[PDB]
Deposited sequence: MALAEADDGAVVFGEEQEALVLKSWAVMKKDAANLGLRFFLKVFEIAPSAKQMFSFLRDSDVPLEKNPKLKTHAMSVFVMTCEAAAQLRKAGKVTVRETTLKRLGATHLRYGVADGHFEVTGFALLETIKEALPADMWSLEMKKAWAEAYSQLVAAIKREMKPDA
């Protein structure tokens, strides 16, 4: 059901935000830690691993949006998901963490994006792709049945 205009809303804003990714990712993380400071204990500033992770969140969320247009479902490489599941299960990432991060995602997009690009339609588009990505990763963080 994810439309072209939905996929487009994600892609066109990404196109703009990836021009300042390093600071984008930093804002992304400062916001996560402001809501839930305890989540800093999972990692261990300009930490380039933090940059890489933030960008991963954004890039794969764009890919899930692409994949929701096409197959109407997240079609990420099965071994990438399984790996994803295991890493996040390994570091103790629970539902709460995925949610706070999704919330921080939307607020970081708002803050960083030109005011004239932000809307309810775009909010929802990023919220859907991100949720569907999280659902798939969660699926590999539990027994398959």
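Missing C-alpha coordinates mark the following deposited-sequence intervals, in order: 1-11, 56-64.
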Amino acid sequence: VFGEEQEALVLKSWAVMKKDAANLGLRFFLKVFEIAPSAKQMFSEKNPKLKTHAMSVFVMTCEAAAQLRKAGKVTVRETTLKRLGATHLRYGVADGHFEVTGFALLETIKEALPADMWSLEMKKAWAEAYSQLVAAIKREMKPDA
From here on, numbers count along this sequence of modelled residues.
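Per the PDB record, of the two stretches 45-53 and 86-94, 45-53 carries the greater mean B-factor over its C-alpha atoms.
Of the candidates 76, 106, 59, 32, it is 76 whose Cα B-factor is highest according to the PDB record.
The entry lists a Cα temperature factor for residue 81 that places it in the highest third of the chain's modelled residues. In the PDB entry, residue 101 places in the lowest third of its chain by CA B-factor. Among the modelled residues of its chain, residue 36 has a C-alpha B-factor that falls in the lowest third, as given in the PDB entry. When the CA B factors of the chain's modelled residues are split into thirds, the value for residue 20 lands in the middle one.
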